[PDB]
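Protein chains in written order, with PDB author numbering: chain D, 107 to 217, 341 to 579; chain F, 76 to 141, 151 to 423. C-beta: ideal position from N, C-alpha, C; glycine also.
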DNA sequence: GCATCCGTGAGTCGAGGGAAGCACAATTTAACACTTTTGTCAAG
DNA sequence: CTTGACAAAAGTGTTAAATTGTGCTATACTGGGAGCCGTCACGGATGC
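1. Answer yes or no: does any C-beta atom of chain F fall closer than 8 Å to that of residue 114/D?
2. For residue 356/F, count neighbouring C-beta atoms within 10 Å of its own C-beta (all shown protein chains included) and say buried if the count is 16 or more, exposed if not.
3. Can you tell me where the beta strand (DSSP E) holding residue 537/D begins and where it ends?
4. Do we get a CB-CB distance below 8 Å when we pair residue 329/F with the residues of chain D?
5. Helix, strand or coil for residue 312/F? Go by DSSP, reduced to three states.
6. At a Cβ threshold of 8 Å, is residue 512/D touching chain F?
7. Is the beta carbon of residue 395/D sitting closer than 8 Å to the one on residue 111/D?
8. Per the DSSP calculation, residue 434/D is bridged to which residue(s)?
9. Since I believe residue 185/D is in contact with residue 200/D (beta carbons under 8 Å), could you give me their beta-carbon distance rounded to a whole number of angstroms?
10. Please name the residues in the region 560 to 579 of chain D whose beta-carbon is closer than 8 Å to at least one beta-carbon of chain F, in chain order.
11. If you draw a straight line from the alpha carbon of residue 486/D to that of residue 493/D, how long is it in whole angstroms?
12. Could you check if residue 133/D is buried or exposed, using at least 16 other CB atoms within 10 Å of its CB as the buried criterion?
13. By Cβ distance below 8 Å, which residues in the same chain neighbour residue 268/F in space, the five residues on each side in sequence not counted?
14. Cα-Cα, which of 232/F, 275/F, 202/F and 233/F is closest to residue 250/F?
15. At which residues does the beta strand (DSSP E) containing residue 394/D begin and terminate?
16. Would residue 350/D pass as a contact of residue 371/D if the rule is Cβ separation under 8 Å?
17. Name the one or two DSSP bridge partners that residue 352/D has.
18. Could you give the residue range of the alpha helix (DSSP H) that holds residue 344/F?
19. Three or more beta-carbon pairs under 8 Å between the region 164 to 176 of chain F and the region 211 to 222 of chain F, yes or no?
20. By the three-class DSSP mapping on this structure, what secondary structure does residue 332/F have?
21. Could you tell me whether the region 92 to 102 of chain F touches the region 345 to 362 of chain D, where touching means 3 or more Cβ pairs closer than 8 Å?
22. Determine the closest residue to residue 123/D out of 155/D, 444/D and 457/D, with distance taken between C-alpha atoms.
23. Hey, how far is the Cα of residue 469/D from the Cα of residue 139/F?
24. To the nearest angstrom, report how far apart residue 177/D and residue 83/F are at their CA atoms.
25. When the cut-off is 8 Å and only beta carbons count, does residue 556/D lie next to chain F?
26. Kindly indicate which residue of 175/F, 343/F, 198/F and 108/F has the alpha-carbon position closest to the one of residue 134/F.
27. For the ligand NAP, is there a heavy atom less than 7 Å away from the beta-carbon of residue 228/F?
28. According to DSSP, is residue 421/D helix, strand or coil?
29. Can you give the Cα-Cα distance for residue 463/D and residue 535/D, rounded to whole angstroms?
30. Compile a chain-ordered list of the residues in the region 361 to 379 of chain F whose CB is closer than 9 Å to at least one CB of chain D.
31. Cα-Cα, which of 172/D, 175/D, 156/D and 173/D is closest to residue 166/D?
What follows is the structure, encoded as C-alpha cells:
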C-alpha cells in the first residue's frame, strides 16, 4: 500500500523492502566487525547474496587442471592474484593452494621412485612428503585388492591433481589434539590446539584437516544478516517511537521544504502508532487467523455435487507450505531450500 | 527475475557448480563416514544417536539457525572433552555433516529436471520442486557409494517418489487416500485406451471388464462419483461478471421464518393441551418426552424424580396420554401440526 | 519538471448458466455374540 | 400403587476384514515455458 507503512517507519524504499521481504538481499543486523571491500559494515546495510557469502564464508575458487598436466605449485603453498597454478591456469585470488584429487602418488623408497595411479573411487590417506613405514596404508579403496600400500620406508609425493583449490585462510600446523573442530567460528587469540600454543590470528571459520594435521581458519566474519519478515520484524521491534519522534521533529525545522515535507509524512505514521497504542511489529504476522467455516462453506448441492469457496484453496496452500517448511527445518536442509520455502510461504500469505 | 519466483530460484541453484565423478564420490564417502562416526560417538558417550546428530548439525549450520542453544553448547563441550582417539570421530562427524549439505546443494538441478514433467497435475512448479527436494534429502541419507552407481541413478527414484506422493496427498480439496488415487488413475488410463479403440466413450461395463476381477459396472460408477472435484462457489455464470454459483444455492440449515413460527405455534398449543392434564400427569409426559430437560427420561429415571415405581409411571403416562387423545377428538385443534 | 505505479469507470431485470505398483504395518470399521437396561404383561 | 417374569432394545467386548499410511525401487539422467497489443484512458500520488 503506497507509501508502505513498514517502509516509512524503517526508512526503506519500496524496492529495498521487497528485496528483503522476498529473499533477494540481506539486511545487516549486527556487523560483528565485518569489513566489506575495506569499508566496515554498518547496521541496516543491504547485502547481496554474493556479498553475504564473501563475508560469512570467505573467498575460495577451484581451478580444474587439464588431465595429465602437473601443477607448477605445491600442496599448501600460498599464492598471489594472477600467479600461475598450473601450466594453463592462473589463479584470481591469493591464498593457500590445496591439491583436490591427486591422480598419482610417487612414493620414494630407500634401498626407487615408484608411481601409483589413483582412480575416482580411491582416496589418498596420507599427506604429501610423509615418511610411511613399510606396511602403512597409502591409498585407500573400496576393494582391499586394489588398496595401495608401501613395500618399505619412503616419502609420498602427490602429483597430477584434478584441480587446485585456492582458499583465503590461515594454516596452523599442530601436533597434539585440536581444541576446536570443523565449523567453529573463532576470533584472534582463540586457542586452536596444543593447549593454547596455537591461536587464531584472524576471524574466520575453522576447518581441521586430519590428513594434513593442520587447522585452516577460513577468513570470514560472523555477520548477522537476515532476509524476509524475520529480519524486518527484528528491526520493527527495536524502533523507539519516542526517540524517533524527536529526531523527526528536529528534522522538521530544516530550511529545505522537501526535507520538511518528508519528515512530516514519516512523523504522521509515528504519531499514529504512539497515540493508537499499536506496536509497529504487529504488521508482521506470526499467527494467521482462519475464517469460520460457515463463511467459507463446503456445501453439498441438491445434485450431490460439492461446492466450496476459494478461501479454502488459499488456506490449504498456506497450510501445505507451512507444514513443509517445518519438516525441512527439522531435516537441517540447506539454506537454498529453506529460503525458497520461506519465500513461497510469504507469497502464500500474500 | 524478482517478480518471477521460478527464475529467481533457478538463478540461485545455478550458483552451485555441478559435482564431478571424483567430487561426488568424496562427498558421499564423507557422508557415510560421518554417519558411522556418529554411531561410535553414541556408543562412547551413551548419548542418543539422534541427539548427537542434531548437535553436530546445529554447529555446522551455525548461529544463523534458530533443544535450546544452552543444551547444544553443553553437549558440544562434553564431546570436546573426550580423549584424543575419541575426539577424532567428532571431527569426522563434523566433516560428514558439512559434506551432506554440499551434496544436497549440488543436485538441486536434478530435482528441477525431474519436476518439470509433473506440472498440470494439481501442484504448481515450485510446489513440485520442494516436494522433490525432500526426496533428494532422503536419497542422500540412503545412498551407498560402495555399489559404484552414480548418484542420479539412485536419487531419481526418491525424487520422483516424493513428487508423485505429494500430488496424491495435496492435489485435491477433498483428500483421497493414496490407494484410491492409484485406482482412480488406473481407471482413467483404462478408459482412455478403450476409448481410443472403440471409437467412442466406453460404458461402465467395458471399463469394469477391462479393469479385471473384482470390478463391476456399479463399482466403476462409484469410483467416478468419488473422484469428482468440488466446484468453486465464485465461478462466474454468463458474460457479465456479476453472477456466481453461490448466488443460486439456498441455505438449508437455519430454519425459515415459517418453520420457526410453526414450531412455536405447536409448542404453544401443546402447552395449553397439557394444562388440562393433572399436575403430575402433565409433568410425567413433559419428562418422558423430554419437554423439560430436552432429553427423554426412562421410566426408572423418571421414577427417581417422583419416588414412584417404574411400573406406576408407565400407567399414569399411558392414562395421561389417553386423556389427551380424548380432548383432541373434541376440538381437533392439534391435528394440523402432524402433517 | 518528468517518470512510474495504482485505482476508477449507473441501476434493476433476465434467461442462460453448474500421469507407477507393490509389500507391509496401522488404523478404522463391521460382524457377532453375549450382558445390562427398558418397556411391558399380569397380577395383588 | 406395588412385584415377577417376560422379550426386545440398547450397550459392551472381541475379532476378522476393509481400509488407510508409510517406505522403497541402484545404468545414467542435473536451469521452466508460456506468451505475445485496438496493450484503456485519466488523474492522483510518489520518487526523482
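Taking the structure as given:
1. Indexing the first chain from 1 puts residue 114/D at position 8. No, because no Cβ of chain F sits closer than 8 Å to the Cβ of residue 114/D.
2. As a first step, residue 356/F is located in the second chain; it is residue number 272 there, counting from the start. It is exposed - the Cβ of residue 356/F has fewer than 16 other Cβ atoms within 10 Å.
3. Here residue 537/D refers to the residue found at position 308 of the first chain. First-last of the beta strand (DSSP E) with residue 537/D: 535 to 537.
4. Counted from its first residue, the second chain places residue 329/F at position 245. Interface residue, yes.
5. As a working mapping, residue 312/F is identified with position 228 in the second chain. Coil.
6. Counting from one through the first chain, the residue named residue 512/D turns up at place 283. False, the Cβ-Cβ gap to chain F never drops below 8 Å.
7. Here residue 395/D refers to the residue found at position 166 when the first chain is read from its first residue. Here residue 111/D refers to the residue found at position 5 when the first chain is read from its first residue. Not in contact: residue 395/D and residue 111/D (Cβ atoms no closer than 8 Å).
8. Within the first chain, numbered from 1, the residue matching residue 434/D stands at position 205. According to DSSP, which records beta bridges pairwise, residue 434/D is partnered with 414/D and 447/D.
9. Position 94 of the first chain, counted from the start, is the residue given in the question as residue 200/D. Position 79 of the first chain, counted from the start, is the residue given in the question as residue 185/D. Contact flag correct, Cβ pair sits at about 6 Å.
10. 560, 561, 562, 563, 564, 565, 566, 568, 569, 570, 572, 573 and 576
11. Mapped onto the first chain, residue 486/D falls at position 257. Mapped onto the first chain, residue 493/D falls at position 264. In a straight line, the C-alpha of residue 486/D is about 11 Å away from that of residue 493/D.
12. Counted from its first residue, the first chain places residue 133/D at position 27. Burial call: buried.
13. Counting from 1 along the second chain, the entry for residue 268/F is found at position 184. So the list reads 260, 307, 310 and 311, once near-sequence residues are dropped.
14. Along the second chain, one-based indexing puts residue 250/F at 166. Measuring from the Cα of residue 250/F, the nearest candidate turns out to be 202/F.
15. As a working mapping, residue 394/D is identified with position 165 in the first chain. Where residue 394/D is concerned, the enclosing beta strand (DSSP E) stretches over 392 to 396.
16. To locate residue 350/D, count along the first chain from 1; it is residue 121. To locate residue 371/D, count along the first chain from 1; it is residue 142. It is a contact, given that the beta carbons lie within the stated cut-off.
17. On the first chain, residue 352/D is found 123 positions in, with the first residue counted as 1. Note: residue 352/D sits in a beta bridge opposite 369/D.
18. In the second chain, residue 344/F corresponds to position 260, counting from 1. Element bounds for residue 344/F: 341 to 359.
19. no
20. Translated into the one-based positions of the second chain, residue 332/F becomes position 248. Helix, per DSSP.
21. yes
22. The sequence position of residue 123/D within the first chain is 17, counting from 1. Per the Cα distances, 457/D.
23. Position 240 of the first chain, counted from the first residue, corresponds to residue 469/D. Position 64 of the second chain, counted from the first residue, corresponds to residue 139/F. One C-alpha to the other measures close to 26 Å.
24. Your numbering for residue 177/D matches position 71 in the first chain. Your numbering for residue 83/F matches position 8 in the second chain. Distance between the alpha carbons of residue 177/D and residue 83/F: 38 Å.
25. The count along the first chain starts at 1 and reaches residue 556/D at position 327. Answer yes: the Cβ-Cβ gap between residue 556/D and chain F drops below 8 Å somewhere.
26. Start at 1 with the first residue of the second chain, and residue 134/F comes out as number 59. It is 175/F whose Cα lies nearest to the Cα of residue 134/F.
27. The ligand content of the structure shown is nil, which means the ligand NAP is not present either.
28. As a position in the first chain, residue 421/D is number 192, starting the count at 1. Strand at residue 421/D.
29. One-based indexing of the first chain puts residue 463/D at position 234. One-based indexing of the first chain puts residue 535/D at position 306. Cα to Cα, residue 463/D sits roughly 44 Å from residue 535/D.
30. none
31. As a first step, residue 166/D must be located in the first chain, where it is residue number 60. Taking only the C-alpha atoms, the option nearest residue 166/D is 156/D.
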